[PDB]
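We begin with a single chain expressed as structure tokens, specifically the form deposited in one PDB entry.
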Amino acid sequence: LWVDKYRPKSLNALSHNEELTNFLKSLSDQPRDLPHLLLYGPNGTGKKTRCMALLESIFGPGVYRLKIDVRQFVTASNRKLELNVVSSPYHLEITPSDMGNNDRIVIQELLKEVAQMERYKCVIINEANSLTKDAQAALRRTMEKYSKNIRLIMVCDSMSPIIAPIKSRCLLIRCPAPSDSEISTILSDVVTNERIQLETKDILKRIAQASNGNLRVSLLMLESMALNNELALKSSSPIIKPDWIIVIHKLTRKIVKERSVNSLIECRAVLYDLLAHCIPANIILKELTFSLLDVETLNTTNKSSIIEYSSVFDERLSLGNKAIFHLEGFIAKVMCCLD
């Protein structure tokens, strides 16, 4: 895929957010005094790419010789847990949120093992914002203890769930999403590399706008559009959206058009179809909310009610267990306010 083929493999290959690239270059100039890093920003903006580029600047190209292994841990009630650890001769990558609430013991055991086995080895923790508070406290303790041999590079989309004690011990780095011009430049480089015919450069601008600052989404959308149009994009080429987004937009049009109990049953069927195929409930709620707010026929009162119900049921989703229970309630509340 073009999103992976042309991913920057070094700090010099980065093309957007020049100030952040300069900052990362300065960090690699003093490898010994590398602070713990917490990287936050919108999804698909280049956080992981920049982590890997900094690691390559420090240790060399060997960071990309990645190999995957399964480490087995045991907890109090002999419950064998398996965590997938992507490792290199210089660093480790873990996603402790994959273990649920058992992330604390996994983090403790793995970090202690890495510290004992050791100038230092960098550990990249993905989705740090979804770590439990106990896991974050254990992470702070390991930062205090094994700072000599362990340097943490945490990546998250929102810094709010991160506890205050961690924030003080780490260097907060902000990654804004690239502007439309930078996304257009990246897509232009990709299409020139892949020899894709463009009627006009305005096609790239439309792809950038449709992606809403998500560089991964824009690259994948460009690849999908190119394949559909026989490697020749025209000014009339439609923007290709994912299947789940199309389903959610259809659901939004259905909700707006008719508001009844039978419509609610069919919306339940659609939501079951979406949830059964690995579409997260929060993603469904966000897309459904922001599709409803874009309907031109709705007035200000309807949109205000919709956003209020969205906030309420988003809190209920975060505090809940069964996803379909809350999405159906949100849709039922929305139907009442429109009618």
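Throughout, rigid core stands for the largest set of C-alpha atoms superposing within 1.5 Å between the two forms. From 1 onward, residues are counted along the sequence shown.
Only in words, not in the display: the form deposited in another entry, which the text now covers.
Asks: Superpose on the rigid core, then report which one of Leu187, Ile124, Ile203, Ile107 has a CA displacement of at least 2 angstroms between this form and the one not shown.
Replies: None of the others reach 2 Å, which leaves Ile107.
Asks: Superpose on the rigid core, then tell me if the C-alpha of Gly213 is displaced by 2 angstroms or more between this form and the one not shown.
Replies: Superposed on the core, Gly213 moves its C-alpha less than 2 Å between this form and the one not shown.
Asks: Superposing on the rigid core, is the CA of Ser97 displaced by 2 Å or more between this form and the one not shown?
Replies: Yes; that C-alpha moves by at least 2 Å between this form and the one not shown.
Asks: Determine whether the C-alpha of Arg169 shifts by 2 Å or more between this form and the one not shown once the rigid core is superposed.
Replies: The answer is yes, as the C-alpha of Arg169 shifts between this form and the one not shown by 2 Å or more after core alignment.
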